[PDB]
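In: Let me start by giving you these chains from the complex, positioned as in the assembled structure:
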Amino acid sequence: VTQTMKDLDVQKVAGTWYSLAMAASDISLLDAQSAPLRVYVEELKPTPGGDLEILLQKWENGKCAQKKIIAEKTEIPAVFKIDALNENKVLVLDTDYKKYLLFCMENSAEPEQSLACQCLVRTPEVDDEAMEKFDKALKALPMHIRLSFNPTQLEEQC
């Protein structure tokens, strides 16, 4: 049983991240460089009230582009409301703040059609410890596609 973490300190997630890996419950959501949930987190920027701004890249029109998503904090610690990528929620599964963050995105109305989860890392390198906590969370989740990226692919994200 995989789960959303107890206390999240949204201010220490702040800064530069790289999407090392990604899984989704539906192949097509993550299948293609222009698949809807094939987004690469560049940066996380807290607001003073404790919301999270997500900076990411996505193939839009043949080109890499920046997209900005606001994740609004809720009464449940590590659970944010968003209204983007057809998802309505972000769930931070685990983080140590300094090396890795594991999150999921979904649409509450169709949790299985919608679930995608990423393994963010702080530096552009394969961190095997982050991948094992990602694999562990994945084992309990109904995932039908996974992707991992090189250090080459992570400096030149998207």
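Out: Structure's in. What do you need? Numbers count the residues shown, from 1 in each chain, chains lettered A, B, ... in the order given.
In: Quick check, central residue of chain A?
Out: Here the mean C-alpha position of chain A is nearest to the C-alpha of residue A:118 (Cα atoms, centre = their mean), at a distance of 4.0 Å.
In: For the strand or helix carrying it, name the packing helices and strands.
Out: Element membership of residue A:118 [criterion: DSSP states H and E] is strand A:116-121. On a contact count with 3 or more Cβ pairs under 8 Å, 6 or more residues apart in numbering; DSSP states H and E, strand A:116-121 meets strand A:18-24, strand A:100-106, helix A:128-139. Where you see a C-beta, it was placed from the backbone N, CA and C, and this is true even at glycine.
In: could you redo the ones you listed as JSON lines and give each row mean neighbour count?
Out: Converted to JSON lines, these look like this (neighbours: other Cβ atoms under 10 Å):
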{"stretch": "strand A:18-24", "mean neighbour count": "24"}
{"stretch": "strand A:100-106", "mean neighbour count": "23"}
{"stretch": "helix A:128-139", "mean neighbour count": "15"}
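In: Distance to residue A:112 added to those, as CSV?
Out: Written out in CSV, the entries for the helices and strands packed on strand A:116-121 read as follows (distance: least, Cβ to Cβ, whole Å):
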stretch, distance to residue A:112
strand A:18-24, 10
strand A:100-106, 9
helix A:128-139, 14
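In: quick one: which of the ones you listed is nearest residue A:157?
Out: Distances from residue A:157 to each of the helices and strands packed on strand A:116-121 were compared by Cβ to Cβ, and the smallest falls on strand A:18-24, at 6.1 Å.
In: Check which residues of the next helix or strand after the closest one are buried.
Out: Secondary structure here is assigned by DSSP H and E; on that basis, the next helix or strand after strand A:18-24 toward the C-terminus is helix A:27-30. Taking 16 or more other Cβ atoms under 10 Å as the neighbour-count basis, helix A:27-30 is seen to contain the buried residues A:29, A:30.
In: onto the same structure, chain B please:
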Amino acid sequence: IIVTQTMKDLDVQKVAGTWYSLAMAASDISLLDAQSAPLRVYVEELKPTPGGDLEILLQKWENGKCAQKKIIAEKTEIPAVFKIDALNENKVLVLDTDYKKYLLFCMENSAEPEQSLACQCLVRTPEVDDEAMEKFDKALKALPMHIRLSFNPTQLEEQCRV
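Out: Let me put chain B in with the others:
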């Protein structure tokens, strides 16, 4: 590296019949990224020959259609290693099987074995064999895979199309 257990003393006549690709992985995302990707292939059947070869019938989404391919895989000195010349690959390796339920295999080009490697978990019925995926995952735990896919029973039944 890539190091990959073969099936010891494989009996290829026992793999005969109908199979479905339940899962695939490749080392290169572009190999399996998309229906149109070069190693996105869904097995239909394994037809052994008496000499010990192994004809593989599979399907490949190409235009609107699933398109049937016939890959003859010839025996080599090793029973679980075959030589092919198809999908720009030259080697089929059977890693493991129990003949009645699951078969794990891998294809590769021996000129670029890292960048060419795709494996699949095959099952006999169009259902999620849970013991079969676990063995696939343990086979994969030491392969350089960057793309994994698995299919639900309805996708299994609908040969090739997702």
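In: same question on the buried residues of helix A:27-30, but now with chain B added
Out: A:27, A:29, A:30 (16 or more other Cβ atoms under 10 Å in any protein chain shown).
In: ok, the residue nearest to the first one when sequence neighbours are not counted - how many residues close by?
Out: The one in question is residue A:27. Once flanking residues are discounted, residue A:27 sits nearest to residue A:145: 4.7 Å by Cβ to Cβ, 6 or more residues apart in numbering or on different chains. Other residues within reach of residue A:145 by the criterion other Cβ atoms under 10 Å in any protein chain shown amount to 23.
In: Residue A:145 contacts residue B:148, correct?
Out: Yes - the pair residue A:145 and residue B:148 qualifies as a contact (Cβ atoms under 8 Å) at a distance of 6.6 Å.
In: Show me where chain A has its helices.
Out: A:27-30, A:111-114, A:128-139, A:151-155 (DSSP state H).
In: Any part of the longest one near chain B?
Out: No - no part of helix A:128-139 sits near chain B under the criterion Cβ under 8 Å from any Cβ of the partner chain; the closest distance found is 8.7 Å.
In: got the contact list for that helix?
Out: Residues from elsewhere that reach helix A:128-139, judged by Cβ atoms under 8 Å, 6 or more residues apart in numbering or on different chains: A:2, A:20-21, A:23, A:93-94, A:99-100, A:102, A:117, A:119, A:121, A:146, A:148.
In: thinking again about what came up before, show me what contacts the residue nearest to residue A:27?
Out: Each residue near residue A:145 by Cβ under 8 Å, 6+ apart is listed here: A:23, A:24, A:26, A:27, A:30, A:31, B:147, B:148, B:149, B:150.
In: which two from these end up farthest apart in space?
Out: Using Cβ to Cβ, the contacts of residue A:145 reach their maximum pairwise distance at A:26 and B:147, which is 15.0 Å.
In: Alright, that wraps it up for me.
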